Amino acid sequence: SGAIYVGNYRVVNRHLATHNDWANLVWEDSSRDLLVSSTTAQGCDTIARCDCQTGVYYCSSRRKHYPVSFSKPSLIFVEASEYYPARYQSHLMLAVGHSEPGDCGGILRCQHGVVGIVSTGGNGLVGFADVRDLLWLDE
Ligand SMILES: COc1ccccc1[C@H](NC(=O)OC(C)(C)C)C(=O)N1CCC[C@H](C(N)=O)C1
Ligand SMILES: [Zn+2]
């Protein structure tokens, strides 16, 4: 679990969005596993606007942060789950790092700000949904 809070927006994994997120929907994209909802309070986070390929992510299943080298956002095949059919997930970055069911929502950060959130994983891999291209989150 986890979310990014920037301005009057809350960014979460679309498969973990609540009834309240959907009732305050701003934008969602199933192909990216992202959903953004509106908030009444001002958020605590800031978004990176960069091309970093290194950073640090929070791993809830270890209560620890780990450094990672990750691939640029791209279209990556993701196996079926209860949440989605087998499909290509877009804007996904992969890295070698621990993740397991329940780690979605952990933030990946570089020196410039928030890069994205955990969205997939498996067998010593961790995948992050990028948010750096969502320029409108900043206004
Ligand atoms: C962080 O996700 C990890 C990490 C390691 C191993 C497995 C997983 C997840 N698998 C998982 O939860 O499987 C269950 C439901 C328990 C059968 C995973 O990769 N998902 C599930 C949630 C939706 C994700 C997506 N963006 O399509 C893909
Ligand atoms: Zn950066």
Side-chain angles (χ1 to χ4, degrees):
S1 68
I4 301 163
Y5 293 93
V6 54
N8 292 284
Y9 296 123
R10 167 174 139 103
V11 187
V12 291
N13 294 91
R14 190 188 184 270
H15 73 278
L16 301 179
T18 69
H19 304 302
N20 245 46
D21 286 320
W22 280 106
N24 291 284
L25 180 64
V26 171
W27 169 82
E28 51 77 37
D29 185 335
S30 167
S31 74
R32 292 178 68 150
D33 186 42
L34 289 183
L35 182 144
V36 178
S37 59
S38 61
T39 68
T40 52
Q42 174 78 11
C44 60
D45 293 308
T46 73
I47 310 303
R49 302 297 181 195
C50 68
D51 61 353
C52 288
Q53 280 186 252
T54 66
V56 174
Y57 76 107
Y58 181 67
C59 176
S60 65
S61 68
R62 295 283 182 274
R63 257 188 227 122
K64 278 186 158 80
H65 296 262
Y66 293 108
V68 277
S69 289
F70 50 93
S71 61
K72 292 183 182 187
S74 74
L75 202 58
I76 295 174
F77 180 75
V78 178
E79 276 270 85
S81 73
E82 42 183 312
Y83 304 108
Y84 296 107
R87 77 206 209 285
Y88 291 90
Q89 177 163 317
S90 63
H91 300 263
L92 186 61
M93 297 178 291
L94 295 186
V96 176
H98 180 67
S99 69
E100 54 182 272
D103 280 326
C104 288
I107 282 174
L108 173 61
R109 278 183 163 264
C110 63
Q111 68 192 101
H112 308 107
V114 173
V115 174
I117 47 168
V118 177
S119 179
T120 73
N123 304 301
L125 293 164
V126 52
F128 307 95
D130 185 53
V131 298
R132 295 177 290 186
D133 64 318
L134 302 177
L135 313 186
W136 54 266
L137 286 175
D138 287 341
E139 47 246 25

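Whatever order the structure lists them in is the order used to number ligands and atoms, beginning at 1. As a basis for the values below, the full set of heavy atoms in this structure was taken, side chains included, without hydrogen atoms, waters or symmetry mates. The first residue in the sequence is number 1, and the count goes up from there.
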At a non-hydrogen distance cut-off of under 4.0 Å, which region of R32 contacts ligand 1 (side chain, backbone, both, or neither)? neither
Testing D130, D133, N13 one by one against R32 for a side-chain hydrogen bond (donor to acceptor under 3.5 Å, both in side chains), which residue passes? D133
Would you mind checking which non-hydrogen protein atom is closest to atom 19 (O) of ligand 1, with the distance to 0.1 Å? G121 N, 3.3 Å
Nearest to atom 27 (O) of ligand 1, what protein heavy atom do you find, and at what distance? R87 NH1, 3.1 Å
Ligand 1 N/O within reach of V118 N/O, cut-off under 3.5 Å: no
Please answer: with hydrophobic residues joined when any side-chain heavy atoms are less than 4.5 Å apart, are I117 and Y9 in the same cluster? yes
Considering only protein heavy atoms, which is closest to atom 24 (C) of ligand 1, and at what distance to one decimal place? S119 O, 3.2 Å
To 10°, measure the SG(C110)-the Zn ion (ligand 2)-SG(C52) angle for me. 120°
Do any nitrogen or oxygen atoms of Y83 come within less than 3.5 Å of a nitrogen or oxygen of ligand 1? no
The atom of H112 among N, O or S that is nearest the Zn ion (ligand 2) is ND1
Counting from 1 in the order shown, the ligand 1 atoms closer than 4.0 Å to a non-hydrogen atom of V78 are 27 (O)
Under-4.0 Å heavy-atom contact with ligand 1, by part of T120 that carries it: both
Atom 9 (C) of ligand 1 - nearest protein heavy atom and its distance: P101 CG, 4.6 Å
